[PDB]
Amino acid sequence: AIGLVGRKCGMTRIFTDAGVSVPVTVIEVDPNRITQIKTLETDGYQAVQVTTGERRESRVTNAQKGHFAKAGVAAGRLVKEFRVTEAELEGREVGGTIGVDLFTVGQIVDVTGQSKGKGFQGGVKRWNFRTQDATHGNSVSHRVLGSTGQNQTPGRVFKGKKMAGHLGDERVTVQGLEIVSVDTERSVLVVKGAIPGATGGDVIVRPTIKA
Amino acid sequence: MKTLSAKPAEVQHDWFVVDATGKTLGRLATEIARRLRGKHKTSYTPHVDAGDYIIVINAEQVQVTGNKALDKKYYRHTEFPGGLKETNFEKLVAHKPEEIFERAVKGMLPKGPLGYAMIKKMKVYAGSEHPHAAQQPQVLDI
Amino acid sequence: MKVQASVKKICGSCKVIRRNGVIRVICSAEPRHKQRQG
Amino acid sequence: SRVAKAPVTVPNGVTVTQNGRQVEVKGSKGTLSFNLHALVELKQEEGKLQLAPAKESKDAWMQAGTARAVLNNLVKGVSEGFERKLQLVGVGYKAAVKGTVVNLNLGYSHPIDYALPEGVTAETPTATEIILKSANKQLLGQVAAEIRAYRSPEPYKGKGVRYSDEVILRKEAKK
RNA sequence: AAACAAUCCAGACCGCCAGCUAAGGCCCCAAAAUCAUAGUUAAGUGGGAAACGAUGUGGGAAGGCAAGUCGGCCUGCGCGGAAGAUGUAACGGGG
RNA sequence: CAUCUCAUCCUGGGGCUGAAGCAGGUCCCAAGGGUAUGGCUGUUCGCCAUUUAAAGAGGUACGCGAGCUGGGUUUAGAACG
RNA sequence: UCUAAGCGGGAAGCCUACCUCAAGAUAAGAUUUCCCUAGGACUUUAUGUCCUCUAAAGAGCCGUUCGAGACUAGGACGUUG
Ligand SMILES: [Mg+2]
Ligand SMILES: [Mg+2]
Ligand SMILES: [Mg+2]
Ligand SMILES: [Mg+2]
Ligand SMILES: [Mg+2]
Ligand SMILES: [Mg+2]
Ligand SMILES: [Mg+2]
Ligand SMILES: [Mg+2]
Ligand SMILES: [Mg+2]
Ligand SMILES: [Mg+2]
Ligand SMILES: [Mg+2]
Ligand SMILES: [Zn+2]
């Protein structure tokens with residue numbers, strides 16, 4: 001299903017007439033420009049490759065210059081593919097635009113983004129590990145992992161053991177979000193809930209796959 | 001007079017295509033392994049690969065006897081703490097017949113660099129057509 | 001069903017059947033005479 | 001086998017062709033098909049099938065008996081089909097054969113729509129009654145059993161879907 | 001004999017790109033039979049196990065009743081009985 | 001901080017019932033997930049209080065002290081019988 | 001007679017399905033676009049050697065930095081900002 005590429009602009013609230021306050025995220029959607037269409041005879045799968053935003057000409061390589069010039073679009077700051085079906089490819093064509101009116105108020109969507117990076121983190125923050133007693137004779141180990149295995153059988157650490165490591169900065173999808181408003185003059189989506197990432201980060205909005 | 005080894009530079013690999021329709025799996029794999037190893041040549045050398053290329057077509061029509069289509073299990077371990085996975089002969093032959101032929105033949109070959117080089121020469125295809133017509137394979141009827 | 005190592009006719013209406021290599025006893029008179037060897 | 005070694009009677013009107021290992025029985029009310037086991041061959045005189053094993057083994061005699069019984073059913077049903085009767089017992093249990101579906105009310109929170117296959121036809125003379133019929137005896141039995149499976153007769157009062165030719169184990173709940 | 005002091009075959013003076021054999025083997029890993037003849041098993045039994053259970057299936061000696069049928073034995077090979085902890089894991093593997 | 005087994009505690013699917021219904025008893029299949037907080041005691045356990053859908057049984061050097069503790073037990077002091 | 005031939009139904013379990021990673025998948029896959037088109041000599045006569053001319057697409061160093069970060073890596077920009 002074809003989606004949009006926008007930018008997390010920030011969070012707000014929307015008051016309903018009945019007094020309910022709704023936490024919302026504003027996604028700014030520069031209208032996406034179709035750069036390529038992949039079909040079964042050429043690529044082995046059907047997809048719509050789209051670009052959005054703008055990139056100055058000195059940061060655009062010659063390869064990408066020619067790739068955007070083949071289509072009738074200007075270079076954007078990123079290029080993304082959406083895997084689609086036929087009959088979801090009727091009025092789509094290279095050099096076309098996919099705007100914010102692809103979504104309706106109340107439609108359920110999934111938002112994909114890059115979560116905030118927390119760097120190197122320990123078991124407590126990364127795996128919800130429990131701390132050991134702060135003061136009952138406890139030595140210099142309060143937030144440490146504890147045991148990492150067993151004795152001589154198996155005599156190793158198993159794969160997938162939860163240890164300290166880099167946390168966040170991953171691709172995350174939040175499903176089941178509702179479209180609170182579709183401002184086509186501001187080119188903005190307003191969705192209910194929280195979406196992954198920081199303000200200014202790239203987010204992909206798709207129709208919900210749960211259906 | 002001393003016994004000579006085949007030089008790798010003068011080994012002549014030949015291409016063959018065998019049809020697997022309605023053949024016993026193991027009884028075809030033994031002949032494939034013999035051809036791949038080069039055991040049918042008088043220049044046979046255990047440290048040299050002098051075998052032939054073998055194209056297997058219609059690989060998904062290979063047969064097992066008895067009740068093995070349902071009873072023969074194929075195992076994997078992902079090396080994760082509970083990650084032992086299991087499949088059937090009939091599920092795997094309708095999903096990956098090339099893995100069936102590769103597992104059958106790789107166990108009948110030597111286990112080492114030369115063995116991997118020998119297994120590289122078996123090309124397995126589920127359909128009736130293969131892409132190696134440039135190599136002009138001869139019909140090896142087993 | 002009774003899953004036993006010893007299965008046999010109980011009443012005169014119990015039939016001894018073999019199904020998929022399992023010896024079973026099915027009875028039309030008494031549903032409680034159903035047996036499977038195992 | 002005694003079931004085999006007895007020739008099936010073909011009434012006048014039904015044809016039975018034997019193209020290959022397949023066997024096609026055409027009649028006034030159907031076109032059924034059958035496969036012959038590799039251990040048994042077929043031949044008519046003019047209007048009588050005589051199934052006989054080849055190689056004369058015990059397996060072949062078993063398979064020949066099976067082929068004779070199935071072909072006798074095929075001829076019988078293609079000439080004049082089979083029919084089965086279901087009876088619904090219990091208050092509120094109703095059945096309506098509309099179009100090619102059976103709408104059943106069997107003490108549930110929703111009525112069951114059963115979709116008859118292309119071989120089987122259904123009818124309803126009375127609400128607590130279904131008469132199915134088809135050429136295929138196997139298909140008829142399958143449809144009847146699948147309908148009965150929705151609500152089988154219970155021992156304590158007999159309520160449910162039952163066969164007309166079915167004896168029900170009755171019980172009681174003396175304290 | 002997978003691996004395996006004490007099992008089986010065999011007692012190493014040194015050399016050889018010679019031959020015959022033992023135990024054990026001869027589809028492939030891996031040297032030699034996809035050898036031959038006649039049977040049995042369908043359980044991957046072979047390739048772990050008992051009391052006991054059973055119209056499995058092959059053979060033998062009888063017996064009763066008369067389109068053959070009944071149920072008693074003695075045996076060959078099978079079936080159930082048969083649940084464990086890192087990973088198939090009770091043919092070394094492929095098969 | 002775990003990981004496995006299944007001889008299953010809950011949840012899922014069935015047979016029988018001395019199964020009216022509700023609810024049970026018992027056997028079969030099933031290891032995906034889940035599977036208390038406290039008082040007492042060094043306790044494991046156990047008892048009790050109150051929950052829970054349930055508060056499973058085991059293996060892992062009776063898993064885990066070059067990860068923590070050191071209450072018990074098993075150094076040297078001291079006392080009672 | 002559910003099974004021998006043939007045809008079905010049937011579970012939180014299995015395979016998919018949902019999410020994330022993933023071509024070092026050495027079998028290293030695919031698509032789009034972009035760049036490089038000079039002369040000689042010497043023989044070991046061949047992805048041969050040396051000399052002259054060439055230095056592309058792009059990448060990096062470096063700098064201003066970051067909602068990215070142990071160092072890295074990654075993202076943005078460097079005056080036409
Ligand atoms: Mg200290
Ligand atoms: Mg401290
Ligand atoms: Mg080890
Ligand atoms: Mg050895
Ligand atoms: Mg000899
Ligand atoms: Mg050999
Ligand atoms: Mg032979
Ligand atoms: Mg169990
Ligand atoms: Mg307690
Ligand atoms: Mg311990
Ligand atoms: Mg102490
Ligand atoms: Zn009985």
# chains A, B, ... in the order shown; residues from 1 in each chain; ligands from 1
>>> residues_around(residues="region 84-100 of chain B", least_positions_apart="3", cutoff="9 Å", atoms="only C-alpha atoms (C1' of nucleotides)", output="PDB file with N, CA, C and O atoms (P, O5', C5', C4', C3', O3' and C1' of nucleotides), in the first residue's frame")
ATOM      1  N   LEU B  25      15.678 -41.118  -4.469  1.00  0.00           N
ATOM      2  CA  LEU B  25      16.560 -40.016  -4.118  1.00  0.00           C
ATOM      3  C   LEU B  25      17.984 -40.494  -3.856  1.00  0.00           C
ATOM      4  O   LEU B  25      18.931 -40.038  -4.503  1.00  0.00           O
ATOM      5  N   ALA B  59      13.771 -31.519 -10.419  1.00  0.00           N
ATOM      6  CA  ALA B  59      14.209 -31.971  -9.109  1.00  0.00           C
ATOM      7  C   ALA B  59      13.051 -32.211  -8.157  1.00  0.00           C
ATOM      8  O   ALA B  59      13.185 -33.022  -7.236  1.00  0.00           O
ATOM      9  N   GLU B  60      11.922 -31.543  -8.353  1.00  0.00           N
ATOM     10  CA  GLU B  60      10.795 -31.723  -7.453  1.00  0.00           C
ATOM     11  C   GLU B  60       9.992 -32.984  -7.749  1.00  0.00           C
ATOM     12  O   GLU B  60       9.043 -33.279  -7.018  1.00  0.00           O
ATOM     13  N   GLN B  61      10.361 -33.747  -8.772  1.00  0.00           N
ATOM     14  CA  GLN B  61       9.727 -35.024  -9.058  1.00  0.00           C
ATOM     15  C   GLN B  61      10.528 -36.211  -8.548  1.00  0.00           C
ATOM     16  O   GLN B  61      10.233 -37.346  -8.926  1.00  0.00           O
ATOM     17  N   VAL B  62      11.532 -35.985  -7.702  1.00  0.00           N
ATOM     18  CA  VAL B  62      12.291 -37.095  -7.150  1.00  0.00           C
ATOM     19  C   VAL B  62      11.458 -37.806  -6.090  1.00  0.00           C
ATOM     20  O   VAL B  62      10.607 -37.204  -5.426  1.00  0.00           O
ATOM     21  N   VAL B  64      10.876 -40.821  -2.903  1.00  0.00           N
ATOM     22  CA  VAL B  64      11.344 -41.661  -1.811  1.00  0.00           C
ATOM     23  C   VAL B  64      10.377 -42.824  -1.670  1.00  0.00           C
ATOM     24  O   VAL B  64       9.222 -42.748  -2.098  1.00  0.00           O
ATOM     25  N   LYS B  68       8.437 -42.459   3.606  1.00  0.00           N
ATOM     26  CA  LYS B  68       9.440 -41.449   3.903  1.00  0.00           C
ATOM     27  C   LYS B  68       9.019 -40.043   3.510  1.00  0.00           C
ATOM     28  O   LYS B  68       9.562 -39.082   4.059  1.00  0.00           O
ATOM     29  N   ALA B  69       8.081 -39.894   2.572  1.00  0.00           N
ATOM     30  CA  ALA B  69       7.626 -38.560   2.204  1.00  0.00           C
ATOM     31  C   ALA B  69       7.089 -37.806   3.409  1.00  0.00           C
ATOM     32  O   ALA B  69       7.224 -36.581   3.485  1.00  0.00           O
ATOM     33  N   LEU B  70       6.514 -38.518   4.373  1.00  0.00           N
ATOM     34  CA  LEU B  70       6.025 -37.926   5.607  1.00  0.00           C
ATOM     35  C   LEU B  70       6.914 -38.194   6.811  1.00  0.00           C
ATOM     36  O   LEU B  70       6.903 -37.406   7.755  1.00  0.00           O
ATOM     37  N   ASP B  71       7.692 -39.271   6.799  1.00  0.00           N
ATOM     38  CA  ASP B  71       8.478 -39.665   7.959  1.00  0.00           C
ATOM     39  C   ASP B  71       9.903 -39.131   7.951  1.00  0.00           C
ATOM     40  O   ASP B  71      10.496 -38.992   9.023  1.00  0.00           O
ATOM     41  N   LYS B  72      10.474 -38.846   6.787  1.00  0.00           N
ATOM     42  CA  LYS B  72      11.829 -38.320   6.729  1.00  0.00           C
ATOM     43  C   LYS B  72      11.832 -36.873   7.204  1.00  0.00           C
ATOM     44  O   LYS B  72      11.200 -36.013   6.587  1.00  0.00           O
ATOM     45  N   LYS B  73      12.547 -36.605   8.290  1.00  0.00           N
ATOM     46  CA  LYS B  73      12.620 -35.278   8.877  1.00  0.00           C
ATOM     47  C   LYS B  73      13.937 -34.613   8.513  1.00  0.00           C
ATOM     48  O   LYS B  73      14.981 -35.263   8.461  1.00  0.00           O
ATOM     49  N   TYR B  74      13.881 -33.311   8.273  1.00  0.00           N
ATOM     50  CA  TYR B  74      15.062 -32.497   8.036  1.00  0.00           C
ATOM     51  C   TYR B  74      15.168 -31.497   9.170  1.00  0.00           C
ATOM     52  O   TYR B  74      14.216 -30.762   9.442  1.00  0.00           O
ATOM     53  N   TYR B  75      16.319 -31.461   9.822  1.00  0.00           N
ATOM     54  CA  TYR B  75      16.507 -30.625  10.992  1.00  0.00           C
ATOM     55  C   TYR B  75      17.468 -29.483  10.711  1.00  0.00           C
ATOM     56  O   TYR B  75      18.327 -29.559   9.831  1.00  0.00           O
ATOM     57  N   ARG B  76      17.299 -28.420  11.480  1.00  0.00           N
ATOM     58  CA  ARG B  76      18.193 -27.279  11.492  1.00  0.00           C
ATOM     59  C   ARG B  76      18.334 -26.843  12.935  1.00  0.00           C
ATOM     60  O   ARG B  76      17.440 -27.067  13.746  1.00  0.00           O
ATOM     61  N   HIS B  77      19.450 -26.216  13.258  1.00  0.00           N
ATOM     62  CA  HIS B  77      19.550 -25.492  14.510  1.00  0.00           C
ATOM     63  C   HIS B  77      20.057 -24.091  14.223  1.00  0.00           C
ATOM     64  O   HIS B  77      21.097 -23.918  13.585  1.00  0.00           O
ATOM     65  N   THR B  78      19.316 -23.100  14.690  1.00  0.00           N
ATOM     66  CA  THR B  78      19.670 -21.704  14.515  1.00  0.00           C
ATOM     67  C   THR B  78      20.748 -21.254  15.487  1.00  0.00           C
ATOM     68  O   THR B  78      21.189 -20.107  15.409  1.00  0.00           O
ATOM     69  N   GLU B  79      21.182 -22.135  16.382  1.00  0.00           N
ATOM     70  CA  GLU B  79      22.163 -21.869  17.428  1.00  0.00           C
ATOM     71  C   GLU B  79      21.637 -20.928  18.500  1.00  0.00           C
ATOM     72  O   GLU B  79      22.407 -20.425  19.311  1.00  0.00           O
ATOM     73  N   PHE B  80      20.338 -20.706  18.535  1.00  0.00           N
ATOM     74  CA  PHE B  80      19.648 -20.000  19.591  1.00  0.00           C
ATOM     75  C   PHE B  80      19.019 -21.002  20.557  1.00  0.00           C
ATOM     76  O   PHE B  80      18.676 -22.114  20.156  1.00  0.00           O
ATOM     77  N   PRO B  81      18.858 -20.631  21.832  1.00  0.00           N
ATOM     78  CA  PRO B  81      18.654 -21.635  22.893  1.00  0.00           C
ATOM     79  C   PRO B  81      17.569 -22.671  22.664  1.00  0.00           C
ATOM     80  O   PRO B  81      17.698 -23.782  23.185  1.00  0.00           O
ATOM     81  N   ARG B 103      21.315 -31.555   0.308  1.00  0.00           N
ATOM     82  CA  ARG B 103      21.534 -32.304   1.539  1.00  0.00           C
ATOM     83  C   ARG B 103      21.837 -33.767   1.252  1.00  0.00           C
ATOM     84  O   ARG B 103      22.707 -34.359   1.893  1.00  0.00           O
ATOM     85  N   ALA B 104      21.143 -34.364   0.286  1.00  0.00           N
ATOM     86  CA  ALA B 104      21.406 -35.761  -0.038  1.00  0.00           C
ATOM     87  C   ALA B 104      22.809 -35.952  -0.594  1.00  0.00           C
ATOM     88  O   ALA B 104      23.501 -36.903  -0.222  1.00  0.00           O
ATOM     89  N   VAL B 105      23.252 -35.061  -1.472  1.00  0.00           N
ATOM     90  CA  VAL B 105      24.521 -35.257  -2.158  1.00  0.00           C
ATOM     91  C   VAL B 105      25.699 -34.799  -1.306  1.00  0.00           C
ATOM     92  O   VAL B 105      26.763 -35.417  -1.336  1.00  0.00           O
ATOM     93  N   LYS B 123      24.196 -28.448 -10.217  1.00  0.00           N
ATOM     94  CA  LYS B 123      23.233 -27.379 -10.466  1.00  0.00           C
ATOM     95  C   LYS B 123      21.845 -27.994 -10.518  1.00  0.00           C
ATOM     96  O   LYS B 123      21.563 -28.805 -11.396  1.00  0.00           O
ATOM     97  N   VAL B 124      20.975 -27.600  -9.594  1.00  0.00           N
ATOM     98  CA  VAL B 124      19.696 -28.268  -9.369  1.00  0.00           C
ATOM     99  C   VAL B 124      18.559 -27.309  -9.688  1.00  0.00           C
ATOM    100  O   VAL B 124      18.527 -26.185  -9.179  1.00  0.00           O
ATOM    101  N   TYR B 125      17.620 -27.761 -10.517  1.00  0.00           N
ATOM    102  CA  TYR B 125      16.507 -26.948 -10.995  1.00  0.00           C
ATOM    103  C   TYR B 125      15.215 -27.732 -10.850  1.00  0.00           C
ATOM    104  O   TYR B 125      15.171 -28.922 -11.164  1.00  0.00           O
ATOM    105  N   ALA B 126      14.166 -27.060 -10.378  1.00  0.00           N
ATOM    106  CA  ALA B 126      12.905 -27.746 -10.118  1.00  0.00           C
ATOM    107  C   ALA B 126      12.102 -27.966 -11.391  1.00  0.00           C
ATOM    108  O   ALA B 126      11.322 -28.919 -11.472  1.00  0.00           O
TER     109      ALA B 126
ATOM    110  P     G E  87      18.218 -27.100  22.868  1.00  0.00           P
ATOM    111  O5'   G E  87      18.438 -28.490  22.141  1.00  0.00           O
ATOM    112  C5'   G E  87      17.517 -28.969  21.175  1.00  0.00           C
ATOM    113  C4'   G E  87      18.160 -29.962  20.241  1.00  0.00           C
ATOM    114  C3'   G E  87      18.933 -31.084  20.915  1.00  0.00           C
ATOM    115  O3'   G E  87      18.812 -32.260  20.126  1.00  0.00           O
ATOM    116  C1'   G E  87      20.400 -29.828  19.551  1.00  0.00           C
ATOM    117  P     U E  88      17.697 -33.347  20.477  1.00  0.00           P
ATOM    118  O5'   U E  88      17.420 -34.055  19.091  1.00  0.00           O
ATOM    119  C5'   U E  88      16.510 -33.516  18.143  1.00  0.00           C
ATOM    120  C4'   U E  88      16.514 -34.348  16.890  1.00  0.00           C
ATOM    121  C3'   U E  88      17.312 -35.640  17.013  1.00  0.00           C
ATOM    122  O3'   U E  88      16.676 -36.692  16.299  1.00  0.00           O
ATOM    123  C1'   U E  88      18.230 -34.301  15.293  1.00  0.00           C
TER     124        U E  88
END
>>> closest_atom_pairs(of="chain G", to="chain C", cutoff="9 Å", atoms="only C-alpha atoms (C1' of nucleotides)", output="tab-separated table")
residue	atom	partner	partner_atom	distance
G:1	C1'	C:17	CA	7.4
G:2	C1'	C:19	CA	8.2
G:3	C1'	C:19	CA	7.0
>>> write_last_selection(atoms="N, CA and C atoms (P, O5', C5', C4', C3', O3' and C1' of nucleotides)", output="PDB file, in the first residue's frame")
ATOM      1  P     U G   1     -20.900 -50.240  10.604  1.00  0.00           P
ATOM      2  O5'   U G   1     -19.317 -50.110  10.548  1.00  0.00           O
ATOM      3  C5'   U G   1     -18.538 -50.149  11.732  1.00  0.00           C
ATOM      4  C4'   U G   1     -17.087 -50.413  11.437  1.00  0.00           C
ATOM      5  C3'   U G   1     -16.383 -49.396  10.558  1.00  0.00           C
ATOM      6  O3'   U G   1     -15.993 -48.232  11.261  1.00  0.00           O
ATOM      7  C1'   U G   1     -15.853 -51.569   9.820  1.00  0.00           C
ATOM      8  P     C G   2     -16.783 -46.852  11.065  1.00  0.00           P
ATOM      9  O5'   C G   2     -15.755 -45.911  10.303  1.00  0.00           O
ATOM     10  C5'   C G   2     -15.470 -46.071   8.924  1.00  0.00           C
ATOM     11  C4'   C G   2     -14.125 -45.494   8.573  1.00  0.00           C
ATOM     12  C3'   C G   2     -12.934 -46.189   9.211  1.00  0.00           C
ATOM     13  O3'   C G   2     -12.505 -47.305   8.455  1.00  0.00           O
ATOM     14  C1'   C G   2     -12.763 -43.853   9.548  1.00  0.00           C
ATOM     15  P     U G   3     -11.749 -48.539   9.143  1.00  0.00           P
ATOM     16  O5'   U G   3     -10.210 -48.249   8.878  1.00  0.00           O
ATOM     17  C5'   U G   3      -9.278 -49.296   8.634  1.00  0.00           C
ATOM     18  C4'   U G   3      -8.213 -48.864   7.658  1.00  0.00           C
ATOM     19  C3'   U G   3      -7.591 -47.496   7.938  1.00  0.00           C
ATOM     20  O3'   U G   3      -6.240 -47.441   7.476  1.00  0.00           O
ATOM     21  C1'   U G   3      -8.638 -47.467   5.832  1.00  0.00           C
TER      22        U G   3
END
>>> interface_residues(of="chain A", to="chain G", cutoff="6 Å", atoms="only C-alpha atoms (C1' of nucleotides)", output="ChimeraX atom specification")
/A:43,62-63,66-67,198
>>> write_last_selection(atoms="N, CA, C and O atoms", output="mmCIF file, in the first residue's frame")
data_model
loop_
_atom_site.group_PDB
_atom_site.id
_atom_site.type_symbol
_atom_site.label_atom_id
_atom_site.label_comp_id
_atom_site.auth_asym_id
_atom_site.auth_seq_id
_atom_site.Cartn_x
_atom_site.Cartn_y
_atom_site.Cartn_z
ATOM 1 N N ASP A 43 11.727 -5.671 -12.637
ATOM 2 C CA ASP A 43 12.333 -5.812 -11.326
ATOM 3 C C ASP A 43 11.947 -7.081 -10.591
ATOM 4 O O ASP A 43 12.697 -7.508 -9.709
ATOM 5 N N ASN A 62 26.222 12.844 -9.496
ATOM 6 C CA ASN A 62 25.830 12.803 -10.896
ATOM 7 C C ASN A 62 24.921 11.619 -11.180
ATOM 8 O O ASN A 62 23.990 11.723 -11.986
ATOM 9 N N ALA A 63 25.184 10.485 -10.532
ATOM 10 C CA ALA A 63 24.289 9.341 -10.633
ATOM 11 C C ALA A 63 22.860 9.732 -10.277
ATOM 12 O O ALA A 63 21.932 9.529 -11.066
ATOM 13 N N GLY A 66 21.192 12.231 -12.742
ATOM 14 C CA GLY A 66 20.594 11.590 -13.898
ATOM 15 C C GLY A 66 19.375 10.765 -13.561
ATOM 16 O O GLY A 66 18.446 10.664 -14.368
ATOM 17 N N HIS A 67 19.355 10.164 -12.373
ATOM 18 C CA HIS A 67 18.212 9.348 -11.979
ATOM 19 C C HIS A 67 16.971 10.203 -11.751
ATOM 20 O O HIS A 67 15.854 9.786 -12.070
ATOM 21 N N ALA A 198 12.636 11.868 16.825
ATOM 22 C CA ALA A 198 12.725 13.237 17.287
ATOM 23 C C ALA A 198 12.064 14.162 16.277
ATOM 24 O O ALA A 198 11.813 13.788 15.130
#
>>> residues_around(residues="residue 42 (chain B)", least_positions_apart="2", cutoff="12 Å", atoms="only C-alpha atoms (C1' of nucleotides)", output="MDAnalysis selection string")
chainID B and resid 3:6 11 38:40 44:46 50:51
>>> write_last_selection(atoms="N, CA and C atoms", output="PDB file, in the first residue's frame")
ATOM      1  N   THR B   3      53.681 -43.326  -9.996  1.00  0.00           N
ATOM      2  CA  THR B   3      52.267 -43.075 -10.209  1.00  0.00           C
ATOM      3  C   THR B   3      52.023 -41.580 -10.293  1.00  0.00           C
ATOM      4  N   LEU B   4      51.304 -41.165 -11.323  1.00  0.00           N
ATOM      5  CA  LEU B   4      51.130 -39.754 -11.612  1.00  0.00           C
ATOM      6  C   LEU B   4      49.808 -39.248 -11.061  1.00  0.00           C
ATOM      7  N   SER B   5      49.820 -38.004 -10.611  1.00  0.00           N
ATOM      8  CA  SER B   5      48.608 -37.307 -10.224  1.00  0.00           C
ATOM      9  C   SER B   5      48.094 -36.515 -11.409  1.00  0.00           C
ATOM     10  N   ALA B   6      46.775 -36.422 -11.519  1.00  0.00           N
ATOM     11  CA  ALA B   6      46.175 -35.508 -12.473  1.00  0.00           C
ATOM     12  C   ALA B   6      46.526 -34.076 -12.101  1.00  0.00           C
ATOM     13  N   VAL B  11      42.783 -31.037 -16.123  1.00  0.00           N
ATOM     14  CA  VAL B  11      41.514 -31.693 -15.856  1.00  0.00           C
ATOM     15  C   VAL B  11      40.450 -31.090 -16.760  1.00  0.00           C
ATOM     16  N   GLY B  38      34.628 -37.502  -9.646  1.00  0.00           N
ATOM     17  CA  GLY B  38      35.548 -37.962 -10.659  1.00  0.00           C
ATOM     18  C   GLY B  38      35.973 -39.400 -10.516  1.00  0.00           C
ATOM     19  N   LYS B  39      35.220 -40.202  -9.772  1.00  0.00           N
ATOM     20  CA  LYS B  39      35.573 -41.588  -9.503  1.00  0.00           C
ATOM     21  C   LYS B  39      35.429 -42.491 -10.715  1.00  0.00           C
ATOM     22  N   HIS B  40      34.898 -41.979 -11.818  1.00  0.00           N
ATOM     23  CA  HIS B  40      34.671 -42.742 -13.033  1.00  0.00           C
ATOM     24  C   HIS B  40      35.782 -42.564 -14.055  1.00  0.00           C
ATOM     25  N   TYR B  44      41.774 -40.418 -11.866  1.00  0.00           N
ATOM     26  CA  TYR B  44      41.215 -40.083 -10.568  1.00  0.00           C
ATOM     27  C   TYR B  44      42.315 -39.849  -9.545  1.00  0.00           C
ATOM     28  N   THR B  45      42.205 -38.740  -8.820  1.00  0.00           N
ATOM     29  CA  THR B  45      43.152 -38.396  -7.795  1.00  0.00           C
ATOM     30  C   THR B  45      42.361 -37.885  -6.596  1.00  0.00           C
ATOM     31  N   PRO B  46      42.626 -38.399  -5.397  1.00  0.00           N
ATOM     32  CA  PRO B  46      41.821 -38.006  -4.234  1.00  0.00           C
ATOM     33  C   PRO B  46      42.011 -36.566  -3.792  1.00  0.00           C
ATOM     34  N   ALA B  50      38.463 -33.769 -10.316  1.00  0.00           N
ATOM     35  CA  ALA B  50      38.393 -34.057 -11.740  1.00  0.00           C
ATOM     36  C   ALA B  50      37.000 -34.502 -12.153  1.00  0.00           C
ATOM     37  N   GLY B  51      35.990 -34.183 -11.354  1.00  0.00           N
ATOM     38  CA  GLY B  51      34.639 -34.596 -11.642  1.00  0.00           C
ATOM     39  C   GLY B  51      33.996 -33.768 -12.727  1.00  0.00           C
TER      40      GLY B  51
END
>>> atom_distance(atom1="CA of residue 118 (chain B)", atom2="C1' of residue 32 (chain E)")
23.8 Å
>>> residues_around(residues="residue 32 (chain C)", least_positions_apart="4", cutoff="12 Å", atoms="only C-alpha atoms (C1' of nucleotides)", output="ChimeraX atom specification")
/C:1-3,9-11,13-14,25-28,36 /F:15-17,27
>>> interface_residues(of="chain D", to="chain F", cutoff="9 Å", atoms="only C-alpha atoms (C1' of nucleotides)", output="PyMOL selection string")
chain D and resi 156+172-173
>>> select_by_dssp(residues="region 1-200 of chain A", states="strand (DSSP E)", output="ChimeraX atom specification")
/A:4-15,21-28,32-38,47-52,78-83,97-98,108-114,117-121,165-168,171-183,188-192
>>> interface_residues(of="chain D", to="chain G", cutoff="8 Å", atoms="only C-alpha atoms (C1' of nucleotides)", output="PyMOL selection string")
chain D and resi 37+62-63+66+142
>>> closest_residue(among="B:121, B:137, B:102, B:13", to="residue 41 (chain B)", atoms="only C-alpha atoms")
B:13
>>> residues_near_ligand(ligand="ligand 1", cutoff="12 Å", atoms="only C-alpha atoms (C1' of nucleotides) and all ligand atoms", output="list in words")
residues 137, 138, 139, 140 and 141 of chain A; 68 and 69 of chain F
>>> select_by_dssp(residues="region 45-192 of chain A", states="helix (DSSP H, G or I)", output="VMD selection string")
chain A and resid 57 to 59 62 to 70 100 to 102 123 to 127
>>> interface_residues(of="chain D", to="chain E", cutoff="12 Å", atoms="only C-alpha atoms (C1' of nucleotides)", output="ChimeraX atom specification")
/D:1-2,58
>>> decode(residues="region 19-31 of chain B", atoms="C-alpha atoms", output="PDB file, in the first residue's frame")
ATOM      1  CA  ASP B  19      16.305 -35.899 -15.193  1.00  0.00           C
ATOM      2  CA  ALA B  20      15.140 -36.766 -11.672  1.00  0.00           C
ATOM      3  CA  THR B  21      11.536 -37.626 -12.590  1.00  0.00           C
ATOM      4  CA  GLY B  22      10.479 -40.740 -10.697  1.00  0.00           C
ATOM      5  CA  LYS B  23      13.873 -41.812  -9.350  1.00  0.00           C
ATOM      6  CA  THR B  24      14.839 -42.903  -5.864  1.00  0.00           C
ATOM      7  CA  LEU B  25      16.560 -40.016  -4.118  1.00  0.00           C
ATOM      8  CA  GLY B  26      19.498 -41.837  -2.544  1.00  0.00           C
ATOM      9  CA  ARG B  27      20.068 -44.145  -5.494  1.00  0.00           C
ATOM     10  CA  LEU B  28      20.366 -41.134  -7.797  1.00  0.00           C
ATOM     11  CA  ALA B  29      22.482 -39.161  -5.333  1.00  0.00           C
ATOM     12  CA  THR B  30      25.126 -41.894  -5.164  1.00  0.00           C
ATOM     13  CA  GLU B  31      25.644 -41.717  -8.929  1.00  0.00           C
TER      14      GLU B  31
END
